[PDB]
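A quick write-up on the structure given underneath.
Each value in this text was obtained by applying a stated rule to the coordinates, not by laboratory testing. Methodologically, a virtual Cβ is constructed for each residue, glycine included, from the backbone with ideal geometry; neighbour enumeration extends over all protein chains shown.
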Amino acid sequence: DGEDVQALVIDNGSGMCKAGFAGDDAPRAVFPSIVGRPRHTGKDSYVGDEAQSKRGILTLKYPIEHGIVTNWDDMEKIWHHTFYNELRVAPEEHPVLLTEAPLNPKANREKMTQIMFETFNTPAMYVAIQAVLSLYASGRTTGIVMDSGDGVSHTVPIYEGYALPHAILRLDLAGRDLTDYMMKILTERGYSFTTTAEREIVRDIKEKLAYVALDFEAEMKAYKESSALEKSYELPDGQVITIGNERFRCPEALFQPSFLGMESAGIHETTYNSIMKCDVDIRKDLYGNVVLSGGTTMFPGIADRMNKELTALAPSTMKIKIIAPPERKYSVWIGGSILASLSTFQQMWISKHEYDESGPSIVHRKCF
Amino acid sequence: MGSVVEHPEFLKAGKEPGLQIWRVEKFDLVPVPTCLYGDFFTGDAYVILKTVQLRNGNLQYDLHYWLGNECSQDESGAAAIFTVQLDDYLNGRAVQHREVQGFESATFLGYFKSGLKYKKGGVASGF
Ligand SMILES: Nc1ncnc2c1ncn2[C@@H]1O[C@H](COP(=O)(O)OP(=O)(O)OP(=O)(O)O)[C@@H](O)[C@H]1O
Ligand SMILES: [Ca+2]
Ligand SMILES: [Ca+2]
Ligand SMILES: [Ca+2]
């Protein structure tokens, strides 16, 4: 795709990679962040769906874990796939914006920069914090983003355009933990969901039929007494199963991590705790601008429940507002697309010239 | 090595006491003709800088990004980012304000001596 120079935007997640062209309203390519290599022989590698489909002869890996890159060689393959198989561009002809997790380690930031300029020869690149790009995408410069994807959740207070690093909180509770938990409770129901193929079916049940109850205990109660809210689901073979209270018990784990045997605070309390680490004078603007982002915030009912839980935690006169854009699976990517399209972004990129002068450590001064 | 906006409108921003208004138009910051100040297209987003003279000789800045009820996501996202950029350009000195149609602060409404007006329509989205 391509105005004058056409910038690209890549949003790398633990579970999914989202890639596209600056200026579009959605990512053109959305694929699993998975790299497959031969269990025995042919060097060779597969990415995404194609890796998944030949999984029986490959060793599959995830180069990003809890939002952080842990394998650079496989991260390069995601990228090579992104440029050549998905977007079909020559990376040397485009500025590339990339996203990272809040608090990404300093050396990781360098490495990303180094790979772009030295392996792909990008003419220019930029690194942006995922959570800040969603805030921007919702048309705000101050607020708190609760970003939850497949491998990590974060609460990130932002003020006048920048994250407040001391108040950011991380929670290793996300989508994958939820799919796993639905596998386990559906299995207790009397079904059997333990394999890989089954995990994928379960991920699909979770995304189609799960929801967050507004009142957990009243719901458990309504289901104990009536059948009216149960749903059918057809498996790939035509067998039909019935889903009862698993529908809301699975995402309840976001609010009650004990359900997964975790001792941490739920997303509502993590949000509260981040707000309380900020200066008292901005808190009002945090509570008033709670932005939800990422695939694991897509459960129906989640905004209302977050509204209720924060209301119960904060002083009764505090004005709370939960914003949950319908496109929030792609908010990060969309924010990046907007940012990189601006007539004023030109000077913000790291250019090849700047890289050749300072090296990878240019990233700590330019991508703030 | 640095990251400084060279846009011609940043060079004019906040040079002297007064009111400056820009509309977001397909990912750019475009001045509004001064004879049109106070009339806002509800299908658009705008950036407003109010510059006031301080006794000290320096200037006070309030930056307001106004969002019409039908503006597209690229417009409200650009208005916000431009606001951050203008604040940075001005050494962090501006106080930022998010103004939503139908809910603007009294200070913002007080800038339009003959009363802010809304009109339907606007410029098409940049996406
Ligand atoms: N409709 C849905 N309801 C609930 N969960 C969903 C829905 N759609 C997607 N998800 C989940 O969102 C997750 C992927 O979302 P996302 O792209 O935002 O994460 P990521 O960026 O890959 O991971 P992370 O941000 O943790 O690094 C998966 O766990 C997927 O099952
Ligand atoms: Ca993500
Ligand atoms: Ca418009
Ligand atoms: Ca400021």
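Karplus couplings for region A:288-300 from phi (6.51 cos²θ - 1.76 cosθ + 1.60, θ = phi - 60°), rounded to Hz, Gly and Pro as x?
Listing the rounded values in order: x, 9, 7, 9, 8, 9, x, x, 7, 9, 8, 4, x Hz.
Run the numbers for A:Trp72 and A:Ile241: contour at 0.36 nm per residue of separation, minus the present Cα-Cα distance, in nm.
56.7 nm
With r as the distance between the Cβ atoms of A:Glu65 and A:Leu214 and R0 = 41 Å, compute the FRET efficiency 1/(1 + (r/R0)^6) and round to 0.05.
0.80
Hand me the trypsin sites (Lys or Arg not before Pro) from region A:294-327 located in a DSSP loop with no more than 14 other Cβ atoms within 10 Å, in residue order please.
Listed in order of number, the matching sites are A:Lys319, A:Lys321.
Between B:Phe108 and A:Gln256, what is the label-point separation in nm under the 7 Å Cα-to-beta-carbon projection?
4.2 nm
Say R0 is 35 Å: what FRET efficiency, to the nearest 0.05, do A:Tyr84 and B:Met1 get from their beta-carbon distance?
0.65
Taking region B:89-127, which trypsin sites (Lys or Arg not before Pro) meet the DSSP loop condition and have no more than 15 other C-beta atoms within 10 Å?
The qualifying sites are B:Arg93, B:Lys113, B:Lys120.
Go ahead and run the numbers for FRET between A:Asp44 and A:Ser264, Cβ-Cβ distance against an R0 of 41 Å, rounding to 0.05.
Calculated value: 0.55.
In what sequence do A:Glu207, B:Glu75 fall when counting other Cβ within 10 Å, fewest first?
A:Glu207, B:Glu75
For the residues A:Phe248, B:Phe108, what sequence is obtained by ranking on other C-beta atoms within 10 Å, fewest first?
Ascending Cβ contact count within 10 Å gives the list B:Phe108, A:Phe248.
Which distance in Å, rounded to a whole number, links the C-alpha centroids of region A:280-305 and region B:1-42?
A separation of 31 Å, based on Cα centres.
Taking Cα centroids, how far is region A:10-62 from region A:109-185 in Å?
19 Å
Using the number of other C-beta atoms within 10 angstrom as an exposure proxy, rank A:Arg328, A:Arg28, A:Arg365 with the fewest first.
So the ranking, lowest neighbour count to highest, is A:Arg365, A:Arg28, A:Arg328.
So how much slack lies between A:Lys231 and A:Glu200, counting 0.36 nm per residue of separation and subtracting their Cα-Cα distance, in nm?
Here the answer is 9.3 nm.
Would you mind classifying chain A by shape? Square roots of the alpha carbon gyration tensor eigenvalues, ordered a ≥ b ≥ c; an a/c under 1.5 is rounded, otherwise it is prolate if a/b is larger than b/c and oblate if not.
oblate
Return the sequence-ordered ³J(HN,Hα) values of region A:260-276 in whole Hz as given by the Karplus equation 6.51 cos²θ - 1.76 cosθ + 1.60 applied to θ = phi - 60°, using x for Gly and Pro.
The phi angles translate into 9, x, 9, 8, 6, 5, x, 4, 5, 7, 4, 5, 4, 4, 4, 3, 5 Hz.
Note down the nm distance, to one decimal, between modelled labels 7 Å out along Cα→Cβ at A:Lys221 and at A:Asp304.
Rounded to a tenth, the inter-label distance reads 1.6 nm.
Please compute one quarter of the surface area of the Cα convex hull for chain B and express it in square nanometres.
Its Cα hull, projected and averaged over all orientations, spans 8.4 nm².
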